[PDB]
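Printed here is entry-v3.pdb (PDB, C-alpha atoms and all ligand atoms):
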```pdb
ATOM      1  CA  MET H   1      23.000 -43.078  37.032  1.00  0.00           C
ATOM      2  CA  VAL H   2      22.608 -43.493  33.185  1.00  0.00           C
ATOM      3  CA  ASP H   3      24.811 -46.623  33.597  1.00  0.00           C
ATOM      4  CA  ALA H   4      21.974 -48.490  35.400  1.00  0.00           C
ATOM      5  CA  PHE H   5      20.200 -48.796  31.986  1.00  0.00           C
ATOM      6  CA  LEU H   6      23.181 -50.645  30.502  1.00  0.00           C
ATOM      7  CA  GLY H   7      22.877 -54.405  30.032  1.00  0.00           C
ATOM      8  CA  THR H   8      20.507 -57.053  28.751  1.00  0.00           C
ATOM      9  CA  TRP H   9      16.807 -56.954  29.588  1.00  0.00           C
ATOM     10  CA  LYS H  10      14.069 -59.531  29.062  1.00  0.00           C
ATOM     11  CA  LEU H  11      10.314 -58.863  28.865  1.00  0.00           C
ATOM     12  CA  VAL H  12       8.392 -60.263  31.905  1.00  0.00           C
ATOM     13  CA  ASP H  13       5.045 -58.339  31.630  1.00  0.00           C
ATOM     14  CA  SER H  14       2.941 -56.301  29.188  1.00  0.00           C
ATOM     15  CA  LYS H  15      -0.256 -54.225  29.246  1.00  0.00           C
ATOM     16  CA  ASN H  16      -1.996 -52.405  26.349  1.00  0.00           C
ATOM     17  CA  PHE H  17       0.760 -53.286  23.810  1.00  0.00           C
ATOM     18  CA  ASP H  18      -1.832 -54.564  21.275  1.00  0.00           C
ATOM     19  CA  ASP H  19      -3.855 -51.328  21.790  1.00  0.00           C
ATOM     20  CA  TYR H  20      -0.667 -49.214  21.339  1.00  0.00           C
ATOM     21  CA  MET H  21       0.244 -51.039  18.080  1.00  0.00           C
ATOM     22  CA  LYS H  22      -3.358 -50.658  16.765  1.00  0.00           C
ATOM     23  CA  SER H  23      -3.033 -46.892  17.491  1.00  0.00           C
ATOM     24  CA  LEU H  24       0.004 -46.720  15.133  1.00  0.00           C
ATOM     25  CA  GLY H  25      -1.774 -48.547  12.253  1.00  0.00           C
ATOM     26  CA  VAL H  26      -0.096 -51.922  12.814  1.00  0.00           C
ATOM     27  CA  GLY H  27      -2.362 -54.554  11.230  1.00  0.00           C
ATOM     28  CA  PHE H  28      -3.855 -57.479  13.239  1.00  0.00           C
ATOM     29  CA  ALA H  29      -1.672 -60.146  11.622  1.00  0.00           C
ATOM     30  CA  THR H  30       1.552 -58.211  12.558  1.00  0.00           C
ATOM     31  CA  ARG H  31       0.193 -57.391  16.082  1.00  0.00           C
ATOM     32  CA  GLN H  32      -0.401 -61.133  16.658  1.00  0.00           C
ATOM     33  CA  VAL H  33       3.252 -61.932  15.807  1.00  0.00           C
ATOM     34  CA  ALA H  34       4.655 -58.958  17.776  1.00  0.00           C
ATOM     35  CA  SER H  35       2.717 -59.972  20.937  1.00  0.00           C
ATOM     36  CA  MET H  36       3.519 -63.678  21.036  1.00  0.00           C
ATOM     37  CA  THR H  37       7.307 -63.202  21.619  1.00  0.00           C
ATOM     38  CA  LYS H  38       9.139 -61.948  24.787  1.00  0.00           C
ATOM     39  CA  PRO H  39      11.809 -59.666  23.332  1.00  0.00           C
ATOM     40  CA  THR H  40      15.308 -59.000  24.673  1.00  0.00           C
ATOM     41  CA  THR H  41      16.602 -55.398  24.730  1.00  0.00           C
ATOM     42  CA  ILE H  42      20.359 -54.721  24.939  1.00  0.00           C
ATOM     43  CA  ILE H  43      21.448 -51.197  25.929  1.00  0.00           C
ATOM     44  CA  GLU H  44      25.161 -50.471  25.442  1.00  0.00           C
ATOM     45  CA  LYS H  45      27.450 -47.435  25.316  1.00  0.00           C
ATOM     46  CA  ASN H  46      30.779 -46.773  23.604  1.00  0.00           C
ATOM     47  CA  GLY H  47      32.043 -43.250  24.312  1.00  0.00           C
ATOM     48  CA  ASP H  48      29.080 -40.926  23.804  1.00  0.00           C
ATOM     49  CA  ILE H  49      27.347 -43.345  21.381  1.00  0.00           C
ATOM     50  CA  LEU H  50      24.489 -45.364  22.847  1.00  0.00           C
ATOM     51  CA  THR H  51      23.119 -48.460  21.101  1.00  0.00           C
ATOM     52  CA  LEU H  52      19.762 -50.082  21.694  1.00  0.00           C
ATOM     53  CA  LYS H  53      19.166 -53.524  20.213  1.00  0.00           C
ATOM     54  CA  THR H  54      15.897 -55.415  20.303  1.00  0.00           C
ATOM     55  CA  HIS H  55      15.960 -59.130  19.553  1.00  0.00           C
ATOM     56  CA  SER H  56      12.923 -61.317  18.878  1.00  0.00           C
ATOM     57  CA  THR H  57      11.183 -63.545  16.244  1.00  0.00           C
ATOM     58  CA  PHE H  58       8.939 -60.498  15.004  1.00  0.00           C
ATOM     59  CA  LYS H  59      12.126 -58.600  14.062  1.00  0.00           C
ATOM     60  CA  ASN H  60      15.625 -57.576  15.173  1.00  0.00           C
ATOM     61  CA  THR H  61      16.312 -53.800  15.359  1.00  0.00           C
ATOM     62  CA  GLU H  62      19.308 -51.711  16.346  1.00  0.00           C
ATOM     63  CA  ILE H  63      19.631 -47.950  16.726  1.00  0.00           C
ATOM     64  CA  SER H  64      22.683 -45.909  17.663  1.00  0.00           C
ATOM     65  CA  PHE H  65      22.540 -42.304  18.831  1.00  0.00           C
ATOM     66  CA  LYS H  66      24.032 -39.593  20.986  1.00  0.00           C
ATOM     67  CA  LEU H  67      21.921 -38.160  23.796  1.00  0.00           C
ATOM     68  CA  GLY H  68      20.238 -35.004  22.587  1.00  0.00           C
ATOM     69  CA  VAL H  69      21.123 -35.351  18.876  1.00  0.00           C
ATOM     70  CA  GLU H  70      18.260 -35.967  16.397  1.00  0.00           C
ATOM     71  CA  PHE H  71      18.637 -39.082  14.195  1.00  0.00           C
ATOM     72  CA  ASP H  72      16.735 -40.854  11.461  1.00  0.00           C
ATOM     73  CA  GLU H  73      15.102 -44.165  12.511  1.00  0.00           C
ATOM     74  CA  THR H  74      13.053 -46.819  10.711  1.00  0.00           C
ATOM     75  CA  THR H  75      10.936 -48.535  13.339  1.00  0.00           C
ATOM     76  CA  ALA H  76      10.152 -52.218  13.626  1.00  0.00           C
ATOM     77  CA  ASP H  77       6.679 -51.467  12.075  1.00  0.00           C
ATOM     78  CA  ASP H  78       8.400 -49.610   9.111  1.00  0.00           C
ATOM     79  CA  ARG H  79       7.670 -46.004  10.197  1.00  0.00           C
ATOM     80  CA  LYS H  80      10.407 -43.614   9.020  1.00  0.00           C
ATOM     81  CA  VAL H  81      10.648 -41.182  11.946  1.00  0.00           C
ATOM     82  CA  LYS H  82      12.755 -38.358  13.311  1.00  0.00           C
ATOM     83  CA  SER H  83      14.035 -39.463  16.723  1.00  0.00           C
ATOM     84  CA  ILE H  84      15.788 -38.094  19.736  1.00  0.00           C
ATOM     85  CA  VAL H  85      16.779 -39.704  23.026  1.00  0.00           C
ATOM     86  CA  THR H  86      17.112 -37.635  26.151  1.00  0.00           C
ATOM     87  CA  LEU H  87      17.594 -38.090  29.895  1.00  0.00           C
ATOM     88  CA  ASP H  88      14.875 -36.326  31.972  1.00  0.00           C
ATOM     89  CA  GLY H  89      15.794 -37.028  35.581  1.00  0.00           C
ATOM     90  CA  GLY H  90      15.796 -40.799  35.771  1.00  0.00           C
ATOM     91  CA  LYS H  91      13.772 -41.293  32.585  1.00  0.00           C
ATOM     92  CA  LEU H  92      15.486 -42.283  29.302  1.00  0.00           C
ATOM     93  CA  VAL H  93      13.024 -40.735  26.802  1.00  0.00           C
ATOM     94  CA  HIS H  94      12.945 -41.860  23.168  1.00  0.00           C
ATOM     95  CA  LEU H  95      10.770 -39.458  21.115  1.00  0.00           C
ATOM     96  CA  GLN H  96       9.701 -40.443  17.557  1.00  0.00           C
ATOM     97  CA  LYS H  97       8.091 -37.778  15.281  1.00  0.00           C
ATOM     98  CA  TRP H  98       6.555 -38.170  11.810  1.00  0.00           C
ATOM     99  CA  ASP H  99       3.779 -36.709   9.717  1.00  0.00           C
ATOM    100  CA  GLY H 100       2.679 -34.182  12.338  1.00  0.00           C
ATOM    101  CA  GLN H 101       2.388 -36.774  15.137  1.00  0.00           C
ATOM    102  CA  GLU H 102       4.622 -38.381  17.771  1.00  0.00           C
ATOM    103  CA  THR H 103       5.098 -41.228  20.244  1.00  0.00           C
ATOM    104  CA  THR H 104       7.344 -41.535  23.298  1.00  0.00           C
ATOM    105  CA  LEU H 105       9.073 -44.688  24.557  1.00  0.00           C
ATOM    106  CA  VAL H 106      10.117 -43.894  28.137  1.00  0.00           C
ATOM    107  CA  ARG H 107      12.397 -46.159  30.219  1.00  0.00           C
ATOM    108  CA  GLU H 108      12.667 -45.834  34.000  1.00  0.00           C
ATOM    109  CA  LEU H 109      14.232 -48.160  36.636  1.00  0.00           C
ATOM    110  CA  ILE H 110      11.844 -48.980  39.477  1.00  0.00           C
ATOM    111  CA  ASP H 111      12.859 -51.559  42.120  1.00  0.00           C
ATOM    112  CA  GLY H 112      15.625 -52.882  39.764  1.00  0.00           C
ATOM    113  CA  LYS H 113      13.106 -53.528  36.867  1.00  0.00           C
ATOM    114  CA  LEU H 114      13.097 -51.517  33.674  1.00  0.00           C
ATOM    115  CA  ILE H 115       9.624 -50.050  33.008  1.00  0.00           C
ATOM    116  CA  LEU H 116       9.055 -49.074  29.335  1.00  0.00           C
ATOM    117  CA  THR H 117       6.042 -46.792  28.884  1.00  0.00           C
ATOM    118  CA  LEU H 118       4.906 -46.271  25.274  1.00  0.00           C
ATOM    119  CA  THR H 119       2.563 -43.285  24.731  1.00  0.00           C
ATOM    120  CA  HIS H 120       0.730 -42.455  21.486  1.00  0.00           C
ATOM    121  CA  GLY H 121      -2.088 -39.987  22.107  1.00  0.00           C
ATOM    122  CA  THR H 122      -4.369 -41.713  24.647  1.00  0.00           C
ATOM    123  CA  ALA H 123      -2.803 -45.197  24.004  1.00  0.00           C
ATOM    124  CA  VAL H 124      -0.456 -45.980  26.941  1.00  0.00           C
ATOM    125  CA  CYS H 125       1.373 -49.321  27.077  1.00  0.00           C
ATOM    126  CA  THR H 126       3.537 -50.599  29.899  1.00  0.00           C
ATOM    127  CA  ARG H 127       6.249 -53.162  29.048  1.00  0.00           C
ATOM    128  CA  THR H 128       8.104 -54.554  32.090  1.00  0.00           C
ATOM    129  CA  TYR H 129      11.681 -55.865  31.697  1.00  0.00           C
ATOM    130  CA  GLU H 130      13.974 -57.774  34.121  1.00  0.00           C
ATOM    131  CA  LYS H 131      17.776 -57.604  33.933  1.00  0.00           C
ATOM    132  CA  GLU H 132      19.656 -60.741  32.767  1.00  0.00           C
ATOM    133  CA  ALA H 133      22.564 -62.061  34.979  1.00  0.00           C
TER     134      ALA H 133
HETATM  135  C1  LIG H 201       4.717 -50.590  16.902  1.00  0.00           C
HETATM  136  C2  LIG H 201       5.764 -51.435  17.582  1.00  0.00           C
HETATM  137  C3  LIG H 201       5.997 -52.723  16.799  1.00  0.00           C
HETATM  138  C4  LIG H 201       7.046 -50.648  17.882  1.00  0.00           C
HETATM  139  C5  LIG H 201       7.812 -51.223  19.080  1.00  0.00           C
HETATM  140  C6  LIG H 201       7.505 -50.801  20.365  1.00  0.00           C
HETATM  141  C7  LIG H 201       8.150 -51.302  21.496  1.00  0.00           C
HETATM  142  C8  LIG H 201       9.077 -52.312  21.436  1.00  0.00           C
HETATM  143  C9  LIG H 201       9.677 -52.799  22.779  1.00  0.00           C
HETATM  144  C10 LIG H 201      11.047 -53.092  22.815  1.00  0.00           C
HETATM  145  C11 LIG H 201       8.962 -53.953  23.202  1.00  0.00           C
HETATM  146  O1  LIG H 201       8.437 -54.805  22.329  1.00  0.00           O
HETATM  147  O2  LIG H 201       8.853 -53.902  24.324  1.00  0.00           O
HETATM  148  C12 LIG H 201       9.401 -52.784  20.140  1.00  0.00           C
HETATM  149  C13 LIG H 201       8.809 -52.223  18.993  1.00  0.00           C
END
```
Let me see whether you can do it: turn the structure in this file into structure tokens.
Ligand SMILES: CC(C)Cc1ccc([C@H](C)C(=O)O)cc1
Amino acid sequence: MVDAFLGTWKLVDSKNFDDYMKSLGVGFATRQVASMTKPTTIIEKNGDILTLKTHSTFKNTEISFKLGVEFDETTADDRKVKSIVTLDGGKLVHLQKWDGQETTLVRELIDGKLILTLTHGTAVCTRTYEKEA
């Protein structure tokens, strides 16, 4: 049911995002900007290439990848990371590694909503998204 992730998703709730960003070394001025927008995330597929786009006023980003194939990514906060996206049951797991550390960005569909859990050590952030019509 990978296809249930496809489409356009809008942020409707957040918890611990500011704490998560602080845990990655994102400065207060940038955290303030990042938190005061409700981003849109577009997930699309073309053959075996997936694309994830994030649109806001903090930044626009786009990554393209194949499931299970490591890729280079430069995150919204300017980390150069080694990334991989996998499917673990119903969880779409985006792992970012750099400099001996890591963070996961996990997406799961619960009751039709897309729950994005961001984990960096003990910092855990929940970002709740609703599908656009
Ligand atoms: C450190 C931070 C700026 C990286 C980051 C983490 C999550 C998201 C998602 C799409 C969101 O804002 O929900 C965007 C960018």
Let me see if you get this right: every residue at most 8 Å from ligand LIG 201 (chain H), counting all atoms listed in the file, written as a JSON list (two decimals) with C-alpha atoms, in the coordinates of the input.
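See part12.json below for the written result:
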```
[["chain", "number", "residue", "atom", "x", "y", "z"],
["H", 11, "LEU", "CA", 10.31, -58.86, 28.86],
["H", 17, "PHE", "CA", 0.76, -53.29, 23.81],
["H", 20, "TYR", "CA", -0.67, -49.21, 21.34],
["H", 21, "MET", "CA", 0.24, -51.04, 18.08],
["H", 24, "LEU", "CA", 0.00, -46.72, 15.13],
["H", 26, "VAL", "CA", -0.10, -51.92, 12.81],
["H", 31, "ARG", "CA", 0.19, -57.39, 16.08],
["H", 34, "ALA", "CA", 4.66, -58.96, 17.78],
["H", 35, "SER", "CA", 2.72, -59.97, 20.94],
["H", 38, "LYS", "CA", 9.14, -61.95, 24.79],
["H", 39, "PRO", "CA", 11.81, -59.67, 23.33],
["H", 40, "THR", "CA", 15.31, -59.00, 24.67],
["H", 41, "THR", "CA", 16.60, -55.40, 24.73],
["H", 54, "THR", "CA", 15.90, -55.42, 20.30],
["H", 75, "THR", "CA", 10.94, -48.54, 13.34],
["H", 76, "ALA", "CA", 10.15, -52.22, 13.63],
["H", 77, "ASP", "CA", 6.68, -51.47, 12.08],
["H", 105, "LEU", "CA", 9.07, -44.69, 24.56],
["H", 116, "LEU", "CA", 9.06, -49.07, 29.34],
["H", 118, "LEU", "CA", 4.91, -46.27, 25.27],
["H", 127, "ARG", "CA", 6.25, -53.16, 29.05],
["H", 128, "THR", "CA", 8.10, -54.55, 32.09]]
```
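With all atoms listed in the file as the basis for measurement, H:96 is the residue among H:119, H:30, H:56, H:96 that approaches residue 71 in chain H most closely.
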Closest of H:115, H:52, H:81, H:33 to residue 101 in chain H - atom-to-atom distances counting all atoms listed in the file: H:81
Can you turn the PyMOL selection byres (((chain H and resi 131) around 7) and not hetatm) into a concrete residue list for this file, as an mmCIF file with C-alpha atoms, in the coordinates of the input?
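Saved result, selection19.cif, follows:
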```cif
data_model
loop_
_atom_site.group_PDB
_atom_site.id
_atom_site.type_symbol
_atom_site.label_atom_id
_atom_site.label_comp_id
_atom_site.auth_asym_id
_atom_site.auth_seq_id
_atom_site.Cartn_x
_atom_site.Cartn_y
_atom_site.Cartn_z
ATOM 1 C CA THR H 8 20.507 -57.053 28.751
ATOM 2 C CA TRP H 9 16.807 -56.954 29.588
ATOM 3 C CA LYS H 10 14.069 -59.531 29.062
ATOM 4 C CA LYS H 113 13.106 -53.528 36.867
ATOM 5 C CA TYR H 129 11.681 -55.865 31.697
ATOM 6 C CA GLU H 130 13.974 -57.774 34.121
ATOM 7 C CA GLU H 132 19.656 -60.741 32.767
ATOM 8 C CA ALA H 133 22.564 -62.061 34.979
#
```
Show which residues sit within 10 Å of residue 95 in chain H, as a ChimeraX atom specification. Count only C-alpha atoms, and ignore same-chain residues fewer than 2 positions away. /H:70,81-86,92-93,97,102-106,118-119
Counting all atoms listed in the file, figure out which residue out of H:120, H:94, H:45, H:22 gets nearest to residue 5 in chain H.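 The closest residue to residue 5 in chain H is H:45.
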Padded axis-aligned box of range 84-90 of chain H (8 Å per side), centre and edge lengths, Å, one decimal, as lines of an AutoDock Vina configuration file:
```
center_x = 16.2
center_y = -38.6
center_z = 27.8
size_x = 18.7
size_y = 20.5
size_z = 32.0
```
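Taking CA of residue 62 in chain H and CA of residue 37 in chain H as the two end points, the separation is 17.4 Å.
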Using all atoms listed in the file, which of H:112, H:121, H:90, H:25 sits nearest residue 2 in chain H?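 Among the listed residues, the smallest separation from residue 2 in chain H belongs to H:90.
Using all atoms listed in the file for every distance, the candidate list H:48, H:107, H:12, H:74 yields H:74 as the residue closest to residue 60 in chain H.
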Give as a compact mmCIF listing (two decimals) with C-alpha atoms, in the coordinates of the input the residues that the PyMOL selection byres (((chain H and resi 47) around 12) and not hetatm) matches when applied to the coordinates above.
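Full text of expr_0.txt as output:
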```
# COMPACT_ATOMS: atom_id res chain seq x y z
CA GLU H 44 25.16 -50.47 25.44
CA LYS H 45 27.45 -47.44 25.32
CA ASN H 46 30.78 -46.77 23.60
CA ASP H 48 29.08 -40.93 23.80
CA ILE H 49 27.35 -43.34 21.38
CA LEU H 50 24.49 -45.36 22.85
CA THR H 51 23.12 -48.46 21.10
CA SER H 64 22.68 -45.91 17.66
CA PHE H 65 22.54 -42.30 18.83
CA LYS H 66 24.03 -39.59 20.99
CA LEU H 67 21.92 -38.16 23.80
```
Pick from H:123, H:29, H:63, H:87 nearest to residue 1 in chain H, counting only C-alpha atoms: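 Using only C-alpha atoms, residue 1 in chain H sits closest to H:87.
Across the structure, CA of residue 58 in chain H and CA of residue 72 in chain H are spaced 21.4 Å apart.
Note that CA of residue 78 in chain H and CA of residue 28 in chain H are 15.1 Å apart.
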